[PDB]
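For reference, the structure is listed below as structure tokens.
Please treat every number below as a calculation from the coordinates, not as lab data. Note: ideal-geometry Cβ built from the backbone for every residue, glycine included; neighbour counts use all protein chains shown.
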Amino acid sequence: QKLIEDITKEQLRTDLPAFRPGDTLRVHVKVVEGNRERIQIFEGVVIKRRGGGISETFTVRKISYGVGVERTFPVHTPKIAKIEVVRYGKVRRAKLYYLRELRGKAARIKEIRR
Amino acid sequence: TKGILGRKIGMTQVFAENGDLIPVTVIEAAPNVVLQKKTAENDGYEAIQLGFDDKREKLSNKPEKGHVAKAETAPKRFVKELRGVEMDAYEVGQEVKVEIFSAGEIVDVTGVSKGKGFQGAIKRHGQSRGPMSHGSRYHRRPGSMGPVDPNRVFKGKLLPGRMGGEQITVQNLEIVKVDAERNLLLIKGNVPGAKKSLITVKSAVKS
Amino acid sequence: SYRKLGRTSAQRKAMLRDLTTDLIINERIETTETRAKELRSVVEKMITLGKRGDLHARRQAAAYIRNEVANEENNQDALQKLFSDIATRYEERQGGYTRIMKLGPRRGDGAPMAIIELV
Amino acid sequence: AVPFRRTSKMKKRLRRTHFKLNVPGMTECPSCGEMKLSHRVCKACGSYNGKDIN
Amino acid sequence: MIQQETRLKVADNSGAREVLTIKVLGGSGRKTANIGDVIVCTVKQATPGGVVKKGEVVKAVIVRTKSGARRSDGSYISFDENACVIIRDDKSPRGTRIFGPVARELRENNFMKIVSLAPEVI
Amino acid sequence: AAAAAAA
RNA sequence: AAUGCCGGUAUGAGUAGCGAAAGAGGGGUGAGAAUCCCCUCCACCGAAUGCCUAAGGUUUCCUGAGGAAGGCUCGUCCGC
RNA sequence: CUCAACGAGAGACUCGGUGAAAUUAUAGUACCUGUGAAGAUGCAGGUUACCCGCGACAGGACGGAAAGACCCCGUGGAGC
RNA sequence: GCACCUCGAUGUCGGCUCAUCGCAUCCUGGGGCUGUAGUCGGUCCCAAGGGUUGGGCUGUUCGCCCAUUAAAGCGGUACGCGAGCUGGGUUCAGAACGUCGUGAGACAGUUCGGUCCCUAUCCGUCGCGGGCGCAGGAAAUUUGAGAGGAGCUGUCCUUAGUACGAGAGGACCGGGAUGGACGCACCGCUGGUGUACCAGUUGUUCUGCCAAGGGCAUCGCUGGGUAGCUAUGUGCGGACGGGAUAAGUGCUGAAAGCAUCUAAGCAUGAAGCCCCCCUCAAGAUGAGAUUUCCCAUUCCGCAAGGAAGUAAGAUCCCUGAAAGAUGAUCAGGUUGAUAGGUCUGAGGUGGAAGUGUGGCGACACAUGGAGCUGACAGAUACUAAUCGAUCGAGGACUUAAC
């Protein structure tokens with residue numbers, strides 16, 4: 001798969017900070033509404049980090065108005081303008097599927113400060 | 001028309017000029033050497049022969065070595081005809097490369113599909129499945145062969161057998177990017193066949 | 001893809017451990033050909049584990065080597081034999097510690113037999 | 001699942017055309033012979049290219 | 001992926017609380033609808049104070065699903081619940097207020113007033 | 001009747 | 001020419017089956033060993049798949065040879 | 001189920017050993033339309049089809065298995 | 001209705017699965033007449049190419065109702081299909097209700113419960129092989145006689161609120177997007193699975209013990225997951241068009257000085273037809289065609305012809321999968337990366353053991369994105385693809401030029 005790596009090495013997004021699959025961060029998403037492009041902030045905890053180089057995707061989950069919203073972005077997309085890590089969490093596994101049923105303090109007692 | 005034939009490597013994803021994400025199939029398809037030109041006054045039709053992926057002299061026969069002696073090239077693994085190209089526009093031994101395709105064009109992609117082995121009627125023909133409960137002993141079976149009156153099964157009754165290994169053509173795919181340095185074609189969409197198998201990319205029937 | 005050899009996965013693991021350890025003591029065993037082909041990669045992986053010589057590789061090898069006596073009147077276990085004789089014998093060689101030599105078919109079931117040896 | 005008619009002798013012999021089995025890949029053993037099937041150790045001398053390995 | 005006999009909660013101030021899907025309106029046809037499709041549905045549970053009563057056969061458009069809706073940029077969105085907003089047989093909602101987040105795919109259709117009445121559009 | 005109940 | 005009786009031999013056909021559930025290796029005997037003996041691991045039952053004691057069978061128990069037929073395969077082994 | 005997709009084991013598949021049964025007038029045993037005891041592999045006219053196997057399905061051979069159990073007859077019988 | 005065939009057995013309703021055929025056409029396509037102003041309609045033609053739904057009730061077909069749709073069409077095929085499937089109802093043996101009968105019992109009156117066997121011989125169908133032929137033996141590439149697949153359509157915007165219409169209402173034709181169902185491929189995403197991947201954890205047993213591990217308890221259970229296979233995921237298709245046409249619309253025209261779609265000659269005209277789209281196709285015994293190798297030995301048979309060795313080439317045997325039940329196909333066999341091992345990576349899991357620190361301890365922290373890793377890549381002959389053997393042609397005769 002080294003030829004795929006040489007193809008997609010030019011389009012990797014190398015300015016993004018490194019983040020673990022168990023911390024909270026905010027995503028600056030560029031959305032086109034017509035004509036002005038507002039940048040909405042999506043703060044929430046990372047749930048997934050599924051690898052594959054250019055096919056790498058990450059999932060961010062937040063609770064908005066009592067309904068949980070899961071949103072998945074590819075890592076190297078140009079739609080994301082900037083990624084800032086709010087705080088680092090201490091987790092025991094790379095997939096956080098358990099906390100999408102643990103409202104609300106039961107997720108807070110698991111996402112402790114690192 | 002124009003066309004070229006080669007080996008596909010695998011699939012990847014490429015975003016291009018926007019935020020949109022495109023599934024991309026990677027094909028090594030260069031260089032191709034013109035081996036034989038078919039003429040109407042001798043062969044009865046107009047076509048050209050393209051050779052790809054030259055091999056060692058140990059794996060080639062003496063007729064294979066003599067057939068490529070006219071084109072001044074090594075013997076090649078894959079030989080296929082293209083019909084009908086714009087006659088003549090190519091001489092015998094001229095290298096066909098990936099520069100003939102621009103990265104906005106619409107092409108036809110054909111190849112031998114992946115083998116599935118001897119499979120049942122549910123997977124091979126998409127037939128619906130019998131009930132698993134309410135006393136039923138019937139599931140995963142092809143069905144009734146037909147009526148009683150002909151005293152025979154009609155030809156074309158769909159039955160379990162070998163799936164795959166046949167030539168499949170996918171129409172109207174789009175070239176995402178062309179790589180002249182590394183001999184690569186980036187094609188939007190899915191391409192039939194397994195990895196490192198022979199893929200022929202020809203220009204689509206427009207319009 | 002690995003072979004199933006007509007066994008349950010637990011039976012597969014037990015039979016592979018038995019054949020690996022029995023090859024490690026007796027240094028030449030005669031099995032079927034497909035059992036030899038499934039056994040040789042596991043045996044060279046365990047020899048590679050014995051190459052390192054550290055405590056963690058030895059504790060990895062202890063989870064696979066069964067507790068049978070290797071050398072008589074010396075009280076040497078097989079796990080000591082990997083890290084004393086086989087690793088020092090194959091220090092220069094990089095892979096290919098076993099070879100398979102085919103024999104004729106068996107009388108009782110027509111099974112093609114093979115000789116396995118540490119080389 | 002019941003045979004309507006019995007099979008005749010000629011149809012049975014035509015079905016038994018491919019029931020025969022082939023001659024094995026047997027070759028001259030370079031040590032003693034004779035003979036030795038290909039890619040196996042010789043049962044007579046116990047040699048294989050060309051050491052006596054038994 | 002909203003099906004026949006799928007129970008959705010109602011995410012506006014119309015009065016209904018839980019509703020049961022009768023039919024997907026697209027085509028002859030499909031048995032599944034995801035986001036932005038209009039479904040015929042009947043009210044199973046409702047508040048005592050509200051214009052919509054129990055047992056009424058109404059029309060609603062899906063605003064939230066837990067199935068991952070795909071966008072052109074490779075992004076995905078999914079919720080923890082299935083929700084819908086009841087409409088007066090055109091694309092205007094019954095209730096004056098809308099609760100909960102709303103997916104952006106309603107803006108691709110001409111669903112402007114439900115998006116404008118939403119507290120948050122993702 | 002013609003009941004298929006052969007034993 | 002009785003869906004006749006008896007005996008012999010075909011077709012189906014080298015086809016179905018070979019009857020719950022762990023074996024592996026190294027030595028030994030032998031003309032012949034996946035099936036017999038020994039050893040070392042591994043596995044199963046364990047309010048039993050353990051011990052004995054009726055009914056019942058009656059020699060099937062032990063030793064030394066043997067392998068024809070019977071072990072739904074083999075057999076140097078056996079309740080033969 | 002919509003709507004099915006994988007994974008494990010046993011059989012089925014291949015090889016080695018052993019190895020039946022129901023059935024069976026002989027058989028070099030296509031299709032369509034007619035004809036015929038009125039529903040044809042064997043008849044007529046036409047249309048197709050090199051020879052021999054292996055793995056599958058079961059439309060036909062009014063398939064096999066039981067001298068239909070229903071209905072009727074017997075100057076039959078049996079039980080009430 | 002009759003009783004021609006079957007009582008030394010032709011399984012009978014309704015559903016499930018798989019379909020196929022005919023239009024007396026439900027929609028879509030093309031038209032005539034309309035008391036057709038336009039949309040929507042009515043009737044009658046040509047047209048089977050494609051498609052003709054999800055439920056509630058009842059064993060039910062049918063039927064009624066709810067919600068859609070372009071429409072939810074009629075029938076035949078043993079009221080298609082039980083050696084393909086179910087027995088809810090009819091249709092056994094038990095027991096009740098109502099009625100009739102003194103009674104045993106009876107009821108196309110009702111209700112509860114009630115054994116559905118078959119290892120495919122032949123023809124048929126779906127796939128895969130081995131021979132021989134195709135006047136020499138081979139390796140490739142192919143034309144196409146023929147055959148199969150596909151064929152469906154909704155909504156929105158313009159033209160245009162235009163034509164038409166007092167208003168309300170509202171186009172034909174022509175363009176551009178977006179869907180439903182179906183089909184073909186493939187997973188790069190989203191997920192599923194992933195019994196030789198990683199981690200946590202319970203009970204018992206074992207490695208003499210702690211620590212660390214092994215066995216069994218559904219893979220013991222739980223949380224994830226590589227490759228492969230997958231849809232519910234993604235990409236694509238039914239596009240634009242030619243020729244002869246059906247119903248219709250006609251042109252020029254006489255029989256019959258007129259008239260006339262026709263008797264001669266020319267058109268136009270449909271989702272029908274034959275192609276263009278895809279696939280199999282020279283066993284198409286009518287066995288085709290192009291390119292390139294190998295050559296014309298020996299011995300008998302005076303002729304025909306027959307044996308032995310061989311060239312080009314292929315096979316036996318072996319390593320394997322992009323293939324696969326087995327054959328077959330494909331990549332390869334020591335001037336070589338075919339598989340395994342080794343090394344370095346990708347991905348997965350999540351911070352190994354040991355040591356040290358803090359705590360009475362359960363435990364946490366550092367060494368340390370650590371340790372481990374099945375099929376995923378790239379290098380590397382370390383191991384196995386050894387030596388070998390078998391098959392494989394000397395090219396018939398006429399006719400025109402050479």
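For the pairs B:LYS76/B:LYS123; B:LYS123/E:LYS66; B:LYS38/B:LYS206; B:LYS196/C:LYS37; C:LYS13/C:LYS51, flag any whose C-alpha to C-alpha distance is greater than 31 Å.
Details: B:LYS76/B:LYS123 37 Å; B:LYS123/E:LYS66 29 Å; B:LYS38/B:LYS206 24 Å; B:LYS196/C:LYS37 27 Å; C:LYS13/C:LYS51 23 Å.
Over 31 Å Cα-Cα: B:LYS76/B:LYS123.
What does the average come to when, for each residue of peptide A:71-81, you count the partner chain Cβ atoms lying within 10 Å of its Cβ?
Working: counts 7, 7, 4, 8, 0, 2, 7, 6, 9, 3, 0.
Average neighbour count from other chains, rounded to a whole number: 5.
Counting other Cβ atoms within 10 Å, which GluC sites (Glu not before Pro) in the range A:4-110 have at most 11 and lie in a DSSP loop? Before the final figure, lay out each step's value.
On the way: sites: A:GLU5, A:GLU10, A:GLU33, A:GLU37, A:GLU43, A:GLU56, A:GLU70, A:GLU84, A:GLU101; in loops: A:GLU10, A:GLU33, A:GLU37, A:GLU56, A:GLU101.
Sparse-neighbourhood loop GluC sites (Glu not before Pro): A:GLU10, A:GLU33, A:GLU37, A:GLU101.
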Exercise. In whole Hz, what ³J(HN,Hα) sequence does the range E:29-41 give by Karplus (6.51, -1.76, 1.60; θ = phi - 60°), x for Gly and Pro?
Worked result: x, 5, 9, 10, 9, 10, 8, x, 8, 9, 10, 7, 8
Seminar exercise, completed: Placing each pseudo-label 7 Å from Cα in the direction of the beta carbon, C:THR48 and E:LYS31 end up separated by a distance in nanometres of 5.0 nm
Exercise. If you average the sequence gap of Cα pairs under 8 Å that are 6 or more apart and divide by the length of the range B:148-207, what percent do you get for the contact order?
Worked result: 23 percent
Exercise. So how far apart, in nm, are the two label points at C:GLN76 and D:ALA44 if each is 7 Å from Cα heading toward Cβ?
Worked result: 4.0 nm
For this session: Would you work out which of C:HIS56, C:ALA10, C:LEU23 lies farthest towards the positive end of the dipole of chain C? Charges go on Cβ: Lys and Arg +1, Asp and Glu -1.
Result: C:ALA10
Exercise. Hey, got a sec? Which GluC sites (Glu not before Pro) in the range E:1-65 land in a DSSP loop and have at most 13 other Cβ atoms within 10 Å?
Worked result: E:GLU5
Seminar exercise, completed: Ordering C:77-85, E:43-51, B:16-24 by per-residue average of other C-beta atoms within 10 angstrom, highest first, gives C:77-85, B:16-24, E:43-51
Problem set entry | Loop sites in the range B:75-141: chymotrypsin sites (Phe, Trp or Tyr not before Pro), DSSP, at most 14 other Cβ within 10 Å | B:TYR138
Seminar exercise, completed: Fewest to most Cβ atoms within 10 Å: B:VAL201, A:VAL32 sort as A:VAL32, B:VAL201
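Tell me, what is the percent relative contact order of chain B, built from C-alpha pairs under 8 Å that lie six or more residues apart?
Details: 441 pairs, mean separation 61.2, N = 207.
Relative contact order here is 30 percent.
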For this session: Show which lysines lie in cross-link reach of A:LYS110 when reach means a straight Cα distance below 18 angstrom and same-chain residues fewer than eight apart are skipped.
Result: A:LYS48, A:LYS62, A:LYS90, A:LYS95
Problem set entry | From phi via Karplus (6.51, -1.76, 1.60), per-residue ³J(HN,Hα) for the range C:93-102 in Hz, x at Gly/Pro | 6, 10, x, x, 7, 10, 10, 10, 10, 7
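So what is the relative contact order for the range D:2-54, in percent, with contacts set as C-alpha pairs under 8 Å and at least six apart?
Numbers: 39 pairs, mean separation 9.6, N = 53.
It comes to 18 percent, rounded to a whole number.
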Exercise. If you take the charge dipole of the range D:2-54 about its Cα centre, with +1 on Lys and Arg Cβ and -1 on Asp and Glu Cβ, which of D:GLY46, D:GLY33, D:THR17 is farthest toward its positive end?
Worked result: D:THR17
For this session: Calculate the spin-label point distance for A:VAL86 paired with B:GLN171, positioning each point 7 Å from the Cα along the beta-carbon direction, and give it in nanometres.
Result: 5.3 nm
Exercise. Across peptide C:90-99, what mean number of C-beta atoms from other chains lies inside 10 Å of a residue's C-beta?
Worked result: 0
Seminar exercise, completed: Taking a ≥ b ≥ c as the square roots of the eigenvalues of the Cα gyration tensor, with a/c under 1.5 meaning rounded and otherwise prolate when a/b exceeds b/c and oblate if not, chain A is oblate
Seminar exercise, completed: Expressed as a whole number, the average count of other chain Cβ atoms within 10 Å around the Cβ atoms of B:18-26 is 5
For this session: Rounded to whole Hz and in sequence order, give me ³J(HN,Hα) for the range C:34-39 from the Karplus expression 6.51 cos²θ - 1.76 cosθ + 1.60, θ = phi - 60°, writing x for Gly and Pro.
Result: 6, 5, 5, 5, 6, 7
